[PDB]
Amino acid sequence: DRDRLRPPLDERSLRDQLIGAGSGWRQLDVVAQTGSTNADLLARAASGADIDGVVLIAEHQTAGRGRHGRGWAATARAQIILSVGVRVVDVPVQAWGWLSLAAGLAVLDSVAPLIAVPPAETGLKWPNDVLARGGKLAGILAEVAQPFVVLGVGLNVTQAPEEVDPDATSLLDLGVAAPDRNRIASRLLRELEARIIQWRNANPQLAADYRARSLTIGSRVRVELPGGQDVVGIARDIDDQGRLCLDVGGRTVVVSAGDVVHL
Ligand SMILES: Nc1ncnc2c1ncn2[C@H]1CNC[C@@H](COS(=O)(=O)NC(=O)CCCC[C@@H]2SC[C@@H]3NC(=O)N[C@@H]32)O1
C-alpha cells in the first residue's frame with residue numbers, strides 16, 4: 001500500500017536548500033494540514049503580509065480549490081501541495097496569464113526526467129494541466145491579491161487515482177518506485193523561480209518552451225467555456241496574453257479560459 005512510500009517532508013532541509021544568497025525564496029513553511037494553501041496565502045496578503053517569494057506547503061489539504069469554483073482532492077503526504085506568492089504589479093496586466101502557463105512548464109520540467117519512458121500524451125494541456133500518459137499529474141491555480149498573484153500547485157506523487165479523480169495519475173503510478181518529495185519539491189521550486197524571472201522579463205524562451213511541451217497545440221479539441229457552451233476546433237497557438245487560439249472551420253476563436261478535451 002502507498003502509505004509506506006509517504007514519509008514526511010523535511011522542512012529544515014528545504015529551507016537550507018532554497019533560502020539564502022542566490023535564491024529568491026524568502027520564506028518556507030510546511031504545515032501538517034490546512035483547508036487551502038492558496039486561501040491561506042491570499043489571507044496573509046489581505047492582512048498586509050509581503051508574500052513575494054513566500055512558500056507554503058501542506059502535507060494534507062482538506063478543502064482544496066480548483067479553477068472555476070471546482071475542488072481539488074488529496075490524501076495526506078500523497079502530493080506536493082504548495083502555494084507561492086508573486087509580486088505582479090510591475091508587469092502589465094495583459095501578461096499575467098502567462099505566469100500561470102509558466103508555472104505549469106516549471107512543474108512539468110521538474111518531474112519529466114523522473115519518468116522511465118516518455119509515454120504518449122505527456123506534456124501541458126492548456127492552460128497548465130500537467131499530463132502524463134493522458135492522466136492528470138498536476139493542477140495549477142492562479143489567484144489575485146493585489147499587488148500579488150498566488151500560484152498553487154497540486155502534484156500527485158504517490159496519490160492513487162481512486163482517492164481523487166478517475167483521470168488522475170501520479171509519479172508512483174508512472175513507475176517512479178520511491179519518489180522523494182524533498183528532492184521533487186526542491187526541483188519544482190528552483191524551476192519555478194527561473195520561470196517567474198523569465199515571465200517578469202518577457203523572455204521569449206518562456207513561450208517557446210511552453211509551445212515545445214504543449215499537448216494542445218495541433219490537436220483537435222473541444223473546449224468547454226465558462227457559461228456552459230462548447231466549442232470544437234483545432235488548437236493552433238497561444239497568444240501574448242496566454243489565451244488559446246482555435247481554428248473553428250476556418251474561423252479563429254480566441255479563448256481566455258476553458259476546459260480542453262483532446263479529441
Ligand atoms: N488530486 C487530483 N489529481 C487530479 N485531478 C484532481 C485531483 N483532485 C481533484 N481533481 C479533479 C476533479 N475535478 C475538478 C478538477 C479541478 O481541475 S481544474 O479546474 O483544472 N483546476 C486545477 O487543476 C487547479 C488545482 C489547483 C490545486 C492546488 S493544491 C495547492 C493550491 N491550494 C488550493 O486549494 N489549490 C491549489 O480536479
Side-chain angles (χ1 to χ4, degrees), residues 2 6 9 28-45 51 54-86 97 99-101 103-104 106-108 111 121 124-145 148-174 179 181 184-185 188-189 192 215-216 221 223-226 228 242 244 255-262:
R2 297 145 184 262
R6 302 169 175 168
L9 287 169
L28 187 152
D29 300 285
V30 179
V31 299
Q33 193 178 302
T34 192
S36 164
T37 54
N38 260 33
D40 295 349
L41 279 201
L42 290 167
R44 292 196 208 159
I51 62 162
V54 172
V55 185
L56 172 65
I57 308 179
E59 296 276 25
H60 185 36
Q61 186 177 252
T62 60
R65 298 191 287 94
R67 298 191 288 280
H68 307 297
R70 296 140 183 170
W72 188 256
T75 62
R77 292 169 280 104
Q79 293 178 38
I80 289 163
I81 300 177
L82 63 76
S83 296
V84 307
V86 184
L99 179 59
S100 323
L101 300 184
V107 171
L108 174 65
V111 293
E121 199 76 344
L124 303 169
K125 168 158 71 172
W126 185 90
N128 49 17
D129 282 2
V130 182
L131 303 189
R133 280 200 196 273
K136 181 160 177 173
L137 178 55
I140 291 127
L141 174 68
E143 302 185 83
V144 176
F148 312 102
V149 159
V150 172
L151 292 170
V153 173
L155 165 65
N156 298 314
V157 179
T158 56
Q159 192 73 82
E162 66 269 22
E163 296 180 291
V164 292
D165 184 86
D167 298 326
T169 186
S170 78
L171 294 178
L172 184 68
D173 288 292
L174 297 164
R181 284 188 307 141
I184 297 166
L188 191 161
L189 290 162
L192 183 59
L215 293 167
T216 301
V221 296
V223 181
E224 314 206 333
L225 305 174
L244 183 67
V255 170
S256 60
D259 302 327
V260 170
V261 178
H262 298 152

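Atoms within a ligand are numbered from 1 in the order they appear, just like the ligands themselves. Starting from 1, each residue takes its place in the sequence as its number.
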### Task
Taking only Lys NZ, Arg NE, NH1 and NH2, and the carboxylate oxygens of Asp or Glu, determine whether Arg65 and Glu143 approach each other closer than 4.0 Å.
yes
### Query
Are the charged groups of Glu59 and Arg181 less than 4.0 angstrom apart, N to O?
yes
Any non-hydrogen side-chain atom of [X] less than 4.5 Å from a side-chain atom of [Y]?
X: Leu174; Y: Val111; answer: no
X: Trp72; Y: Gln79; answer: yes
X: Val130; Y: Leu124; answer: yes

### Query
Is the side chain of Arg77 donor-acceptor paired with the backbone N or O of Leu9 at a distance under 3.5 Å, no angle test?
no
### Atom-level proximity to ligand 1, residues with heavy atom under 4.0 Å
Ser36, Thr37, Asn38, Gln61, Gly64, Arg65, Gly66, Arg67, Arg70, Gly71, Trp72, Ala73, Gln79, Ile81, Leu82, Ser83, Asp129, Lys136, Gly139, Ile140, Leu141, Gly152, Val153, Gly154, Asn156, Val164, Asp165, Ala168
